[PDB]
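Below is one structure, written out as structure tokens; the observations come after it.
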Amino acid sequence: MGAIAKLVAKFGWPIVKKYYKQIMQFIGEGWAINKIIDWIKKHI
């Protein structure tokens, strides 16, 4: 528990919904907790 929420409390609800096709799409494999974070911020 707490896979996508990690990006919500960090970035924002409306900020994760835009990159939901990537974040949740990555975790499905075996990403880390220090990846999706630096990833989103890097994109935006």
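Since every read-out is calculated from the coordinates, none of them should be taken as a lab result. All Cβ positions, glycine included, derive from the backbone under ideal geometry; neighbour counts span all protein chains shown.
Can you pull the one-decimal nm distance between simple spin-label points at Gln25 and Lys42, each 7 Å off the Cα toward Cβ?
1.6
Mind putting a number on the dipole of the stretch 2-44 about its Cα centre? Charges go on the C-beta only, +1 for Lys and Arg and -1 for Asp and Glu, and I need it in Debye to the nearest 20.
160
Could you order peptides 15-26, 30-41 by the average number of other Cβ atoms within 10 Å of their residues, highest first?
15-26, 30-41
Tell me which residues come under 5 Å, amide H to amide H, from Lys10 once H is placed; ignore anything under 5 positions away on its chain.
none
At 7 Å along Cα-to-Cβ for each site, give me the label-to-label distance between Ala32 and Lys6 in nm.
Taking the simple label geometry, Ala32 and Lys6 are separated by 1.0 nm.
Kindly identify the stretch 2-44 as rounded, prolate or oblate by the Cα gyration tensor criterion: order the square roots of the eigenvalues as a ≥ b ≥ c, call it rounded if a/c is under 1.5, otherwise compare a/b with b/c, prolate if a/b is larger, else oblate.
In terms of gyration-tensor shape, rounded.
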